[PDB]
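A.B. asks: Protein chains in written order, with the deposited numbering: chain F, 291 to 425, 432 to 449, 492 to 523; chain G, 44 to 104, 111 to 170, 185 to 295; chain E, 505 to 553, 561 to 627; chain D, 1 to 541; chain B, 117 to 197. My questions will all concern the structure given below.
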Amino acid sequence: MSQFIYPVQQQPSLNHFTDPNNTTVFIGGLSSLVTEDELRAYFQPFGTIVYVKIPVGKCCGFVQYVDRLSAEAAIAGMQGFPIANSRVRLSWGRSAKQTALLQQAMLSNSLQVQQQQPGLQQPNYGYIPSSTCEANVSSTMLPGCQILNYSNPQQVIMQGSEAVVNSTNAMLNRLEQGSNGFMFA
Amino acid sequence: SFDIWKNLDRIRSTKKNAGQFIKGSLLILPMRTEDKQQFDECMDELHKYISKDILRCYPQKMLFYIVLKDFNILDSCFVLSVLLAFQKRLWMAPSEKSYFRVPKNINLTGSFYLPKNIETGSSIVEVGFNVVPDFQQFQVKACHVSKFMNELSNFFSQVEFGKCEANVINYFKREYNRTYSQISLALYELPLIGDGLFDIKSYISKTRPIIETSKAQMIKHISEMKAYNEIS
Amino acid sequence: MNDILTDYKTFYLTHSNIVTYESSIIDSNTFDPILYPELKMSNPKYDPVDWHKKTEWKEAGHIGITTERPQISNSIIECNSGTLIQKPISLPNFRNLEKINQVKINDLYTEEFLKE
Amino acid sequence: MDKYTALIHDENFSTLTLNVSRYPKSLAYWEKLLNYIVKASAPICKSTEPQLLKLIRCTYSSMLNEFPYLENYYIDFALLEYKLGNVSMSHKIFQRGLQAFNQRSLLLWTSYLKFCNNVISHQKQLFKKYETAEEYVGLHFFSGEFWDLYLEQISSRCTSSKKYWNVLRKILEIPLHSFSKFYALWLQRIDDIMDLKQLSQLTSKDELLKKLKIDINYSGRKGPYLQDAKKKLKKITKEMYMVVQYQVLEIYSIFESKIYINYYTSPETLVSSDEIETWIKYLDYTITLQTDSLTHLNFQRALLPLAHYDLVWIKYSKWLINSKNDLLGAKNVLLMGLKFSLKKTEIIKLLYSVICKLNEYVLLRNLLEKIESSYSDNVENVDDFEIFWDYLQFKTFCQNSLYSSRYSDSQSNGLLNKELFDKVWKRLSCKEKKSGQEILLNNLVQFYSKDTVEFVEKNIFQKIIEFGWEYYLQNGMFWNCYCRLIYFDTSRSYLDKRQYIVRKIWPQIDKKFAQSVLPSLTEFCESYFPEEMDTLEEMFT
Amino acid sequence: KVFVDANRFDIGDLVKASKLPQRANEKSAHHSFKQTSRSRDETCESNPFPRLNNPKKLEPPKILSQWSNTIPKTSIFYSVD
C-alpha cells in the first residue's frame with residue numbers, strides 16, 4: 291500500500307464541553323442580590339441573547355447567545371469579573387430542558403446521554419455574527441451593510499442605516515432615566 | 044533644558060564622533076501646514092544654519114517634503130527638533146513665535162521615512192504595515208527634546224545606509240501623492256455607493272432570493288432553538 | 505459602562521480643546537481620552553500596560576478545554592534561510608510530548624449545579 | 001480599414017465600453033469588455049496592430065486599478081506582456097501585483113517564481129528572490145508548493161548539497177498542509193546516508209557527540225555504528241513529526257476545514273456567516289501563537305474573501321494598536337481600509353480617533369475638509385446621520401482648539417460657533433425629513449452656565465417656539481430637554497428655576513399635544529419635582 | 117486564463133500543437149467521456165454564490181502510514197458525520 295494515508299480519529303462522546311454548537315454560558319458564583327435584568331445588562335453587548343435565566347436561590351445563572359462567537363467573547367470578556375462583589379466563574383453549560391433530563395437521568399443513574407444543540411443551517415449570507423439591533433426599509437443588500445439580524449426579545495428584522503440613530507437614542511434614555519432610579523440595570 | 048542650542052552643544056560634547064557624516068544618507072519628512080507664510084519663515088531661519096545642499100524643501104502644489118541628504122548625526126537632531134516642535138507649537142503655544150525655543154508641555158511626535166535598504170545593526188520605532196512601496200517609515204513618540212536629541216543620536220549612530228539612486232526623491236513624491244490621491248477618491252465615493260456606480264438594479268434581482276431563503280433559515284432556527292430549550 | 509464611555513467621548517470632543525487634551529496624555533499609562541474609550545468599549549478588564564503557561568495559550572483554539580500542547584522549544588521558523596545557512600542547525604529541544612493525549616476540563620456545570 | 005477600426009466601429013464595443021463607463025464597480029462588465037477586446041485580436045502576435053495592443057494594455061491596467069486584489073488578472077496581464085516579447089514589463093506587472101498585496105500572497109509569489117526561473121539566469125539573485133518570498137509567504141498553511149519550487153531549484157543548481165539539508169530542516173518545523181511529504185523526503189534522504197561523515201550534513205559535530213552520543217571521528221568497524229546512528233536520528237525525527245502533526249491536525253480540524261473561499265471575487269459578493277465566524281476565530285488563534293510573520297500573513301490571507309466588509313480592517317488595526325503597540329501601523333491599515341470597504345463609517349470614526357491620538361491634527365483637518373467637500377459643503381443635509389455626527393464632533397474639537405472662547409470661565413463654545421451652529425440649525429430646520437433631531441437637541445442642552453444657557457435658550461428653544469414647528473412642539477423630548485437645560489443651570493437658584501419651569505415653560509405647550517407630551521414630562525417631574533406633580537397633572541386634565 | 121493551461125498566453129499555442137495527428141479515432145470513440153473544456157470567455161456572473169452545495173470540503177492532511185499510531189486518539193470537538 292501507499293506511504294501516505296488520511297488520518298482517522300475517535301469521537302470525544304458529546305458532553306456540553308465537546309459540543310461545537312453550544313451557545314449557552316453557565317455563570318456561577320452569583321451574588322443572590324442580582325436579578326435577571328441586571329445580568330442581562332452585563333451580558334447584552336456581546337451578542338444577541340436568546341434567553342437569560344437565574345435558578346431560584348441556586349447562586350448560578352445561564353445566558354444563551356445566538357452565536358458560538360458571541361458566547362466565547364462573553365467567556366473571555368467577563369471571567370472573574372465581580373458581579374455584585376462576588377467573582378464569577380464562567381463555563382459552558384446546558385439549557386433548561388437538557389438540565390432537567392440530566393437530573394432525571396442522574397436519579398435513575400441510567401444513561402446520562404446528551405444531544406446536540408441545533409445549528410443555523412449554513413450558508414447564511416445576510417447575517418454578520420455577533421452583531422446586535424435594538425428596535432419602511434429599502435435595502436440594497438450590498439455586502440458591507442448588515443442585511444439581516446435577530447430582533448431583541492423573537493423575530494428576524496432587516497437592519498437599516500437608521501438603527502445607529504436608535505441605539506444612540508435609547509442610550510441617552512438609560513443615561514438619564516436609569517440615573518434617577520427607574521432602571522437599576 | 045528646552046533650548047536646542049544648549050542641547051545641541053550638549054550632544055556635540057559627549058556623543059563619540061557626532062560630527063562625522065553618514066555615507067549615503069537620506070531622510071524624508073513630509074509635513075503639512077495650514078499657514079504657508081510662517082512655515083517659509085521657519086525654513087529661512089533653518090537654512091541660515093542647515094545649508095542649501097544638506098537640507099531641501101520641495102512643495103507639492111499644503112504639503113512640503115523636507116529632505117535631508119548626507120547629514121551629520123548632529124545635524125539631523127537640529128533639523129528634526131526644530132521642525133517637529135514647530136509643527137506642534139502651531140497648535141499648542143501659538144503666541145510665542147520663537148523658532149529655537151521649545152515651550153514646556155511640548156512632546157515631540159511625528160514620523161520620518163528612510164530608504165528601505167538600511168541596516169540597523185525605545186522612542187523611535189519602525190512601523191509594521193508601511194503604505195509607501197520602497198521606503199521604511201519610523202515613528203517618534205512623546206520625546207521631551209532632551210530625550211529626543213539623545214534618541215536620535217543613539218538611532219543614527221547605529222544605522223547605515225546603501226546606494227540609493229539619484230532621483231529617489233521624485234519617486235517618493237510620486238508614490239506619496241498616489242496614496243493620498245487614492246484615499247481622497249475613496250472619500251469621494253462615499254455618497255455614490257448605492258447605484259451611482261454599482262448597477263443596483265441587476266444586483267437586487269440576483270440576491271433577493273438568497274436573502275429571502277436566508278431569512279427563512281433564521282426564523283426556522285429560532286423556532287428550532289425554542290423547541291430545544293423549553294420544557295413544556 | 506458602554507454608555508458612560510460613549511457619552512463621555514461625545515462630551516469630551518464637543519467641550520474641550522487640543523491643549524487640554526495633549527496635557528491629559530502621559531505615556532506611562534497610555535491613557536488618552538479620545539482613543540482609550542474606543543479601545544476599552546466592550547473589554548471591561550482592559551488595561552494597556561513565558562507565554563505558554565498562560566491560560567490564553569493553553570485553551571487557544573477551544574475555549575473551556577485546556578490542553579498543554581507539544582511544541583519545539585528552539586524553533587527556527589522565524590529565521591530566514593539565508594541566515595540559517597551560515598552556521599549548523601542545532602537539534603530540536605522539545606516540550607510536553609507526554610501530554611498530547613491528556614486534556615482537562617474544569618466542569619463547573621456538573622459539579623456546582625447538577626451535583627449541587 | 002484594419003482590424004482596429006473594424007473593432008472601433010463595431011456596435012458591441014460601444015455598448016460594452018459604455019456599460020463599463022456607467023457602472024465602474026460591477027466587474028462583469030469589465031470582464032465582458034476585456035474578453036471581447038482580446039478575442040477580436042484573432043491571433044496575438046508581435047505584428048498585431050499597435051493601436052489594438054495599446055487598447056488592451058489600457059483596459060487591463062484600469063481594471064487592476066479598480067479591483068487591485070484580482071490575482072489571476074495580474075498573472076494574465078503579465079503572461080500577455082510576456083507573449084508580446086518584453087520580459088521587463090512582465091517583471092513590472094508581477095511586482096506591481098505583489099505590491100497590491102503588501103508582498104503577502106501565495107499565488108503571485110508562486111507564479112512569479114515559476115516565471116523568474118526561466119529569465120533570471122543569475123544564481124545568487126534568483127535565490128535571493130526565493131529568500132525574499134519565504135519571509136512573506138513561507139508560513140502559509142498551503143505554502144508547500146513554494147517549498148517544492150525552492151527545493152527543486154536547490155537540487156538542480158547547487159553542487160554541494162548542504163543547502164538542501166539546511167532548507168529542508170527548516171521546512172520540517174512549519175505546520176504545512178502537506179508537511180508529511182517533506183518528512184518523507186528527510187526520511188529517504190537520511191536512509192541513503194552511506195557513511196559517518198555525511199551525518200555532519202544533518203547538524204553539527206558537537207551536537208551529535210553531546211546530545212545523541214555519536215562520534216563522527218569514530219575509527220573502528222563503522223557499519224553497525226552507522227546503523228545505530230541512523231536509528232537515533234530517525235527517533236529524533238519521529239518526535240519532531242509528532243509535534244508538527246499535532247499542530248497541523250489541530251489547525252485543520254478546527255479552522256481550515258471550515259473556510260471554503262480563499263480568493264477575492266468582486267465588490268458585490270457576499271460571504272456566508274460561517275466563514276465570517278471561523279475567520280474571526282482563526283485570527284484570534286493566530287494572534288495567540290505570536291508569530292508576527294504569520295499574523296500579518298493571516299490577516300492578508302483573510303482580507304481576500306472579505307476585503308469589502310470592514311470587520312477585519314478594524315480587527316487588524318486593533319491588533320496593531322494594543323498587541324504590537326504601533327499607531328502609525330494602525331493608521332495605515334485603517335487608511336487603506338477606506339479604499340476597500342463599502343460601509344466606511346466605523347472606519348472613519350476609529351481613524352479620526354487614531355489620528356487624534358497620534359497628534360496629527362492637520363491631517364484631521366484635511367479629512368474633515370474632504371468629507372465636507374464630498375457632500376458639496378453640505379454635510380448638514382446627509383441622510384445617514386452617523387457621518388454628520390462623527391464629522392461634527394471632531395470638527396468641534398478642532399474648532400474649540402482653533403478659536404478661543406467667547407464665554408466666561410474659559411467655557412469652550414462647542415456647537416455655539418457661527419460656523420457650526422449654522423449647520424446644526426440647518427439640520428434642525430428640516431423637522432422630519434432628517435433623522436437625528438433629538439440627539440442634536442440633547443447635545444445642545446449640555447452647557448450649564450448662565451451666558452451659555454441664555455444663548456441656547458434664545459436661539460433653539462425660543463425660536464422653534466415662535467416658528468410653531470409642530471414636529472418639535474408635539475414631541476416630548478423637546479420640552480424635556482428645555483426643562484433640563486434650565487434646571488441644571490449653575491447660575492439660577494432653586495426657586496428661580498422651579499418658578500421658570502412651572503410658570504413660564506409649562507403653560508406654553510398646547511393642550512392638544514398633552515397625550516404626546518405628558519409621558520416624557522411626567523418623567524421629568526417625578527425625577528426632580530415631586531411636589532409640583534399635582535400641578536402638571538392638573539394643567540393637562 | 118491562468119489555471120486551465122490551454123488558454124494561457126505563454127503555452128496556449130504549444131498545448132494546441134502538442135495534441136497528436138490523432139489518426140486512430142477508434143481510441144477516441146472507445147473513450148466515451150465528454151471532454152468538457154473550459155473556455156476563456158467566462159465571467160464571474162456564472163457562479164454567483166459558490167457555496168450553494170457546489171463545493172466539497174478540503175481534504176484532510178495526509179500522514180505517514182508507518183507513523184499512523186502517532187496521532188492523538190480522540191479529536192477535541194464532537195463533529196457529526
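We treat Cβ as the ideally placed atom computed from N, Cα and C, and that holds for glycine.
Helix or strand or just coil, what does DSSP make of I495/F?
C.D. replies: In the structure shown, the three-state DSSP call for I495/F is strand.
A.B. asks: Anything in the region 166-191 of chain B with a Cβ closer than 7 Å to a Cβ of chain E? List those residues in chain order, please.
C.D. replies: Cβ contacts with chain E come from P188, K189.
A.B. asks: Using 10 angstroms around the beta-carbon of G414/D, count the other beta-carbons present and answer buried if the total reaches 16, otherwise exposed.
C.D. replies: buried
A.B. asks: Using 8 Å as the limit for Cβ to Cβ distance, is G351/F near chain E?
C.D. replies: no
A.B. asks: Could you check whether the Cβ of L304/D sits closer than 8 Å to any Cβ belonging to chain F?
C.D. replies: no
A.B. asks: Does the Cβ of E152/D have 16 or more other Cβ atoms within 10 Å, making it buried, or fewer, making it exposed?
C.D. replies: exposed
A.B. asks: So, do the region 79-86 of chain D and the region 44-59 of chain D have three or more beta carbon pairs nearer to each other than 8 Å?
C.D. replies: yes
A.B. asks: According to the neighbour-count rule (16 or more other Cβ atoms, all chains shown, within 10 Å of its Cβ), is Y260/D buried or exposed?
C.D. replies: buried
A.B. asks: Step through the CB atoms of chain E and report whether any lies within less than 8 Å of the CB of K153/G.
C.D. replies: no
A.B. asks: Tell me which residues share the same chain as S520/D and place their Cβ nearer than 8 Å to its Cβ, disregarding the 5 neighbours each side in the sequence.
C.D. replies: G476, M477, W479, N480
A.B. asks: Go ahead and pull the three-state DSSP assignment for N60/G.
C.D. replies: The three-state reading of DSSP puts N60/G in coil, since its state is none of H, G, I, E or B.
A.B. asks: Alpha carbon to alpha carbon, what distance is there between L441/D and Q354/F?
C.D. replies: 38 Å
A.B. asks: Would you please state the rounded distance, in angstroms, between the beta carbons of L117/G and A134/G? I believe it to be under 8 Å.
C.D. replies: The Cβ separation is near 17 Å, so there is no contact.
A.B. asks: What residue range is occupied by the uninterrupted beta strand (DSSP E) comprising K343/F?
C.D. replies: Segment 339-343, the beta strand (DSSP E) holding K343/F.
A.B. asks: Quick check on the DSSP output: what are the complete beta strand (DSSP E) runs of length 3 or more inside the region 348-412 of chain F, in order along the chain?
C.D. replies: 350-355, 379-382
A.B. asks: Taking the C-alpha atoms as reference points, what is the distance between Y291/G and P408/F?
C.D. replies: 8 Å
A.B. asks: Would you call the CB atoms of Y164/D and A571/E closer than 8 Å?
C.D. replies: Cβ distance not < 8 Å, so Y164/D and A571/E don't count as in contact.
A.B. asks: Say whether chain E places a C-beta atom closer than 8 Å to the C-beta of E328/F.
C.D. replies: no
A.B. asks: Which same chain residues end up closer than 8 Å to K222/D when comparing Cβ atoms and leaving out the 5 residues on each side of it in sequence?
C.D. replies: Leaving aside the five residues that flank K222/D on each side, the residues in its chain whose CB is nearer than 8 Å to its CB run, in chain order, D195, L196.
A.B. asks: Taking 8 Å as the CB-CB cut-off, is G383/F touching chain G?
C.D. replies: Not closer than 8 Å to any Cβ of chain G, the Cβ of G383/F fails to qualify, so no.
A.B. asks: Quick check on the burial criterion: 16 or more other C-beta atoms within 10 angstroms. Buried or exposed for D390/D?
C.D. replies: buried
A.B. asks: What's the C-alpha gap between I465/D and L473/D?
C.D. replies: 7 Å
A.B. asks: Compare the C-beta of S134/B against all C-beta atoms of chain F and say whether one is closer than 8 Å.
C.D. replies: So no, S134/B is outside the interface.
A.B. asks: Show which residues of chain F have a CB atom less than 7 Å away from the CB atom of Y309/D.
C.D. replies: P439, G440
A.B. asks: Using DSSP's beta-bridge definition, name the partner residues of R150/G.
C.D. replies: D46/G
A.B. asks: From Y194/B to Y112/D, what does the alpha carbon distance come to, in whole angstroms?
C.D. replies: 42 Å
A.B. asks: List the residues of chain E that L416/D touches, going by C-beta distances under 8 Å, in chain order.
C.D. replies: Here the premise fails: no neighbours, minimum Cβ distance about 10 Å.
A.B. asks: What number of angstroms, rounded off, separates the C-alpha of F161/G from the C-alpha of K318/D?
C.D. replies: 23 Å
A.B. asks: Could you tell me the alpha carbon to alpha carbon distance between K450/D and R492/D, rounded to whole angstroms?
C.D. replies: 8 Å
A.B. asks: So, at 7 Å on beta carbons, what are the nonlocal neighbours of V382/D in its own chain, with the 5 sequence-adjacent residues on each side left out?
C.D. replies: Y375, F388
A.B. asks: Of the residues that make up the region 383-400 of chain F, which ones have a beta carbon closer than 9 Å to any beta carbon in chain E?
C.D. replies: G383, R384, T389, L392, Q393, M396
A.B. asks: Counting only Cβ pairs nearer than 7 Å, list the residues of chain D close to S499/F.
C.D. replies: By Cβ distance, chain D contributes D384.
A.B. asks: Using a Cβ-Cβ cutoff of 7 Å, what residues of the region 501-522 of chain F are near chain D? List them in chain order.
C.D. replies: Against chain D - using a Cβ distance shorter than 7 Å - the residues of the region 501-522 of chain F are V502, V503, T506, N507, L510, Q515, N518.
A.B. asks: Have a look at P530/D and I486/D and give me their C-alpha separation to the nearest angstrom.
C.D. replies: 17 Å
A.B. asks: Given a cut-off of 8 Å, decide if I509/D and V502/D are closer than it, judged by their beta-carbon atoms.
C.D. replies: The Cβ atoms of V502/D and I509/D lie no closer than 8 Å to each other.
A.B. asks: If you follow the beta strand (DSSP E) that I115/G is part of, which residue opens it and which one closes it?
C.D. replies: Under the DSSP assignment, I115/G falls in the beta strand (DSSP E) whose first and last residues are 112-118.
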